[PDB]
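One structure below.
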Amino acid sequence: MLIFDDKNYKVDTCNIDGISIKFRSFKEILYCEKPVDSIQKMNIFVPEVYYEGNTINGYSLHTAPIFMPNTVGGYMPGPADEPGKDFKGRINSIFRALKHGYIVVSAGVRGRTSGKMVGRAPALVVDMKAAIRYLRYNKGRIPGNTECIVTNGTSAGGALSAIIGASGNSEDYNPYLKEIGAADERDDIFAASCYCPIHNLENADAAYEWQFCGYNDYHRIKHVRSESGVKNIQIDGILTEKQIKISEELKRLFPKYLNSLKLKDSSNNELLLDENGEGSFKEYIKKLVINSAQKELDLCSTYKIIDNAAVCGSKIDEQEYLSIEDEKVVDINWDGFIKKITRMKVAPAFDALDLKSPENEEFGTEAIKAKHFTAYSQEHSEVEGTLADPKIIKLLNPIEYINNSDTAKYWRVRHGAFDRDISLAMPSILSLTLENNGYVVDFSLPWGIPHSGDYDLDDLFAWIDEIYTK
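According to the deposited numbering, the sequence shown holds residues 1 to 115, 136 to 490 in order.
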């Protein structure tokens, strides 16, 4: 049974670098009635002063937003967390959210290596929804405000945040939720925060080649982390003859798809590509990059009015591929920008012809290790493979659910202008689709920033506090 116990708790203190929080913790809560993996458990953390009638940033016990960060990366299992230090030694979001005054709910979710493999698509999404449904089933007994649920994640976890924010209350998920015996409740949320979300997977190959066809040297650094030791993997290479042809073919599939989304900029111009991948949607991406650089130049410019002999962050005033006239980025050598950031992944970047990508495994099943999830890669398969049910592929794509479900009103999307894990076109399609349908989006491409997340948490919290007042 799923009735929350406000008495089964411990009062804990965490001190780090001389910074202390005191909190009530309800740990290892089963959020569904028929779990299939030990990972399906959540922790709830509450600033302890709330139970003495204190306020924090104006929030009280029952009014504070509920922050829901997830731990998913590479579509791996994402286990429940607690206040402390993360894998890079920095003070983590749970700790800093509690100190800011939020209730924090950290929910573990299955992933592609769970198990019988029980955590393939759509498990990670179903599990998040069930956690949210547990909180709502217990609204009267749970601390915090379940009308102010804010999700947060990075990379694959940023995609899980986006799907949850986009697909509120869709009946597509009902059979899986009934399977794990989840509560019968609504699972929409107030706001979704996403860092470099790796999403829209069945279109990401053609978008990546749209961006990188012609640029055949790739460079990647993998940082597999452990408790004591270290293992670094650095890949450098050149596309093969076959991969150069695959690249060119994937690139030519992108325009058809982009045009079918019927996107518009803020001036109601239609955003389109011709069959060579040029046109108004390309001008738009280009202008995002210019505006990213312009913001970084804005700092360096002021910093120079004083001293002037100083060099700034990103050495932005020294990037050759930027055309600067009068402290203003006026144009950009697109070829040089791409040459600066460089390709990272081979072609295809997501749906491998040999079924070896993490996305291939995520679209496996309880029996099949991996599947394809594009028509191209199934056609040109190098191994014996099957196509994943297009009904399951949909369950992971938030673009399919904006304009036809209970979508969160407020959106914060961040993607580093130097993050080449996915084409810049993806975060852009997501923001444009949301803005075109009347949603409120805070979208930025931070200059010089590679594949990462949670690097501006003070601004994230301030965004939460602002939308809370609206």
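All C-beta atoms in this analysis are idealised placements derived from N, C-alpha and C, irrespective of residue type, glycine included.
If you check the beta carbons only, do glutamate 381 and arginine 112 fall under 8 angstroms apart?
-> By the CB criterion at 8 angstroms, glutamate 381 and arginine 112 fall inside the cutoff.
Local Cβ density within 10 Å of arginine 161, reported as buried at 16 or more and exposed below that = Classification for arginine 161: exposed.
Quick one: using the 10 Å Cβ neighbour count with 16 as the cut-off for buried, is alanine 482 buried or exposed?
-> Per the 10 Å Cβ criterion, exposed.
DSSP three-state assignment for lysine 99, whether helix, strand or coil = Here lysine 99 carries a helix assignment [DSSP, helix/strand/coil].
Endpoints, alpha helix (DSSP H) assigned at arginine 272 | Residues 261-280.
Cut-off 7 angstroms between Cβ atoms - residues of its own chain near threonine 63, not counting five sequence neighbours on either side | So the list reads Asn165, once near-sequence residues are dropped.
Own chain, CB closer than 8 angstroms to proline 65, minus 5 neighbours either side, in chain order | Scanning its chain for C-beta atoms nearer than 8 angstroms, with the 5 sequence neighbours on each side dropped, one finds around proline 65 the residues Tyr59, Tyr102, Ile103, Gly164, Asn165, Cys168, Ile169, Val170, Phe210, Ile484, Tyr488, in chain order.
Residues near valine 461 in its chain [Cβ-Cβ closer than 6 angstroms; skip 5 each side] = Taking C-beta separations shorter than 6 angstroms and ignoring five residues to either side along the sequence, the partners of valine 461 in its chain run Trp431, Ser451, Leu454, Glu455, following chain order.
Spatial distance of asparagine 223 from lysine 414 (CA atoms) | Straight-line Cα distance between these residues: approximately 12 angstroms.
With DSSP run on the structure shown, which of helix, strand or coil describes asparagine 328?
-> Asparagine 328 sits in coil when the DSSP states are folded into three classes, being neither helix nor strand.
Thinking C-alpha only, which one of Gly333, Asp351, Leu375 is nearest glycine 468?
-> Closest by alpha carbon: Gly333.
To the nearest whole angstrom, what separates the beta carbons of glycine 108 and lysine 41, a pair I think is in contact under 8 angstroms?
-> Correct: roughly 5 angstroms between the Cβ atoms.
Pairwise C-alpha distance: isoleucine 218 and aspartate 441 | Roughly 8 angstroms separates the two Cα atoms.
Which residue or residues does DSSP assign as beta-bridge partners of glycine 257?
-> Looking at the DSSP assignment, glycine 257 forms a beta bridge with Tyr238.
My understanding is that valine 72 touches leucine 416, with C-beta atoms under 8 angstroms, so please give their C-beta distance in whole angstroms.
-> Between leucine 416 and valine 72 the Cβ distance is about 12 angstroms, and since that is not below 8 angstroms, they are no contact.
In the DSSP assignment, find the unbroken alpha helix (DSSP H) run with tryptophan 230 in it and report its ends.
-> Element bounds for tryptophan 230: 224-232.
What is the DSSP secondary structure of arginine 440, counted as helix, strand or coil?
-> Reduced to three states, the DSSP call for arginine 440 is coil.
Select from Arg96, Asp147, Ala97, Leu98 the residue whose C-alpha is nearest the C-alpha of residue 132.
-> Within the gap of the chain, which runs from 115 to 136, lies residue 132, and it has no coordinates in the structure.
So what's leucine 480 in DSSP terms, helix, strand or just coil?
-> Under the three-state reduction of DSSP, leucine 480 is assigned to helix.
Which word fits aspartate 5, buried or exposed, when buried means at least 16 other C-beta atoms lie within 10 angstroms of its C-beta?
-> By the 10 Å Cβ count, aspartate 5 comes out exposed.
Drop a sphere of 10 angstroms on the beta-carbon of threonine 13, count the other beta-carbons inside from all chains shown, and report buried for 16 or more, exposed for fewer.
-> A residue is called buried once 16 or more other Cβ atoms fall within 10 Å of its Cβ, and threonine 13, having fewer, is exposed.
Smallest Cα separation from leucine 270: which of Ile44, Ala395, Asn194?
-> Nearest of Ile44, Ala395, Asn194 to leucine 270, Cα basis: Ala395.
What are the boundary residues of the beta strand (DSSP E) that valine 403 is part of?
-> Membership of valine 403 in any beta strand (DSSP E) is not indicated, and neither H nor E is assigned to it by DSSP.
With 16 other CB atoms within 10 Å as the buried threshold, where does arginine 245 fall?
-> Residue burial annotation: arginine 245 is exposed, with fewer than 16 other C-beta atoms found within 10 angstroms of its C-beta.
Over what stretch of residues does the beta strand (DSSP E) that includes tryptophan 354 continue unbroken?
-> Counting along the chain, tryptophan 354 falls outside any beta strand (DSSP E), though it belongs to the alpha helix (DSSP H) covering 354-361.
Looking at C-alpha atoms only, which residue of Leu480, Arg363, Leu2, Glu345 is the closest neighbour of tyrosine 228?
-> Taking the Cα of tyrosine 228 as reference, the smallest distance to any Cα among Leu480, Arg363, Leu2, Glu345 is reached at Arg363.
Mind checking which residues open and close the beta strand (DSSP E) that includes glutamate 199?
-> Not the beta strand (DSSP E): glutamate 199 falls in the alpha helix (DSSP H), residues 194-199.
How is the beta strand (DSSP E) around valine 461 delimited, first residue to last?
-> Where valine 461 is concerned, the enclosing beta strand (DSSP E) starts and stops at 460-464.
Quick one: grab the DSSP three-state call for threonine 166.
-> Strand at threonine 166.
What is the DSSP secondary structure of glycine 78, counted as helix, strand or coil?
-> Here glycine 78 sits in strand by DSSP.
Of all the options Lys198, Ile361, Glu82, which has the alpha carbon lying nearest to the alpha carbon of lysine 149?
-> The option with the nearest alpha carbon to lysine 149 is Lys198.
Would you say the beta carbon of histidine 239 comes nearer than 7 angstroms to a heavy atom of the ligand GTP?
-> What this structure holds is no ligand at all, so the ligand GTP is not there to describe.
Inter-stretch contact at 8 angstroms, needing at least 3 Cβ pairs: the segment 238-258 / the segment 93-102 = With the cut-off at 8 angstroms, the segment 238-258 and the segment 93-102 do not touch.
Consult DSSP for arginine 432 and reduce its assignment to one of helix, strand or coil.
-> For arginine 432, the three-state secondary structure derived from DSSP is strand.
Along the alpha helix (DSSP H) that carries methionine 42, what are the first and last residues, could you check?
-> Note, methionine 42: premise wrong, no alpha helix (DSSP H); beta strand (DSSP E) at 41-47.
Cβ shell of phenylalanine 370 (< 7 angstroms), same chain only, five flanking positions each side left out | Hits under 7 angstroms: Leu221, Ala224, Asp225, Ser377, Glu379.
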